[PDB]
Every structure is written in C-alpha cells, then in structure tokens.
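In what follows, a structure is listed as structure tokens, so that the remarks can point back to it.
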Amino acid sequence: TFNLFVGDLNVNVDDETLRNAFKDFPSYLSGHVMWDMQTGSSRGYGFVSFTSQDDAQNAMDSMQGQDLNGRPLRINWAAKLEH
C-alpha cells in the first residue's frame, strides 16, 4: 500500500473528519488520526492509505496546504518519525 502522513491537524479533527476529507480520492483505502494512548488527546496528525502510488501522490498534491477545520494540511509520504 501507499501511505500519506497528514500533519497540522486541528486537535478537533477526529477519524470521521479526516476520512471525509480523503474518502473520494481514487484508490483510497482508509484514514486514522493519531492520538496519545496515555491521554486520549490527538497528536495533530494522521495517516491516509491508498492502493496506488500515483493516486496517493495525486491526493497529496491535490490536498497539500488546503485547509481542514481552519488549518493547512501538511502532507508527506509516511516515514519513520524522527527524534
């Protein structure tokens, strides 16, 4: 699969909100907002999965810096979180 890291999420963005923003893009599979399992609070980022690399690439480019709940989406290829 081909996976996007979606950053700069408003802490009020839940799974439903994130999924609704990406649901209709070609090859979309799923979306999840990350939250701190010791507090329950959103980490302000999430992931969106696709069957196709080209389709994940286009969804990223289409949504890059677009506003969701007042905050610009900061999108990149999913990768190990640093530091």
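Between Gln64 and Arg19, what length comes free when the chain is fully extended (0.36 nm per residue of separation minus the Cα-Cα distance, one decimal in nm)? Could the numbers behind the result be given before it?
Values: separation 45, 0.36 × 45 = 16.20 nm, distance 1.56 nm.
Length gained between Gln64 and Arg19: 14.6 nm.
Working from the alpha-carbon coordinates of the chain, get Rg over Rh, Rh being the Kirkwood radius. Could you put the intermediate results ahead of the total?
On the way: Rg = 12.0 Å, Rh = 12.7 Å.
The Rg/Rh ratio comes out at 0.95.
Between helix 53-63 and the chain, what is the angle of the helix's C-alpha long axis to the longest principal axis, kept within 0 to 90° and rounded to the nearest 10?
Value to nearest ten degrees: 60.
Read the figures in this text as sums done on the coordinates, not as results from a lab.
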